[PDB]
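Report on one structure; see the data block that follows.
For neighbour counting, all protein chains shown are included, and Cβ atoms are generated from backbone atoms with ideal geometry for every residue, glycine included. Computed from the coordinates by the stated procedures, all read-outs in this text should not be read as laboratory data.
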Amino acid sequence: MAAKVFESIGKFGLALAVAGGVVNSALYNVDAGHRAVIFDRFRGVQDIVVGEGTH
């Protein structure tokens, strides 16, 4: 009834918050005239330079 589904909803709700956050943290914007170098803590800096835009 109300109890089970809503409880799951509760889990969903917090999960959604978390998920939204991760996606948010996932996106980055580089302004025009700027270029981003990506460095991984594991690998170090990668050779590919990223241009303007959201990535």
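Our estimate of slack between residue 48 and residue 16, defined as 0.36 nm per intervening residue step minus the Cα-Cα distance, is 8.3 nm.
For the chain, a simple Cβ point-charge model (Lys and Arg +1, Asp and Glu -1, everything else neutral) yields a dipole of about 260 debye relative to the Cα centre. With K and R counted +1 and D and E -1, the other residues having a Cβ less than 15 Å from that of residue 36 yield a net charge of -3. Think of the chain as having a plus end and a minus end, set by charges on the Cβ of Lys, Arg, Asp and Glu; of 48, 28, 3, 3 sits farthest toward the positive end of this dipole. With contacts taken as Cα pairs under 8 Å at a separation of at least 6 residues, the chain carries a relative contact order of 30 percent. Each residue of the stretch 26-36 was assigned a 3J(HN,Hα) from its phi angle through the Karplus curve 6.51 cos²θ - 1.76 cosθ + 1.60 (θ = phi - 60°); the sequence is 6, 9, 9, 10, 10, 7, 5, x, 10, 9, 10 Hz, with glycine and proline shown as x.
With contributions of -39500 (n - 2.57) from each DSSP H run of at least four residues, the per-residue ellipticity at 222 nm computed over the chain stands at -16000 deg cm²/dmol.
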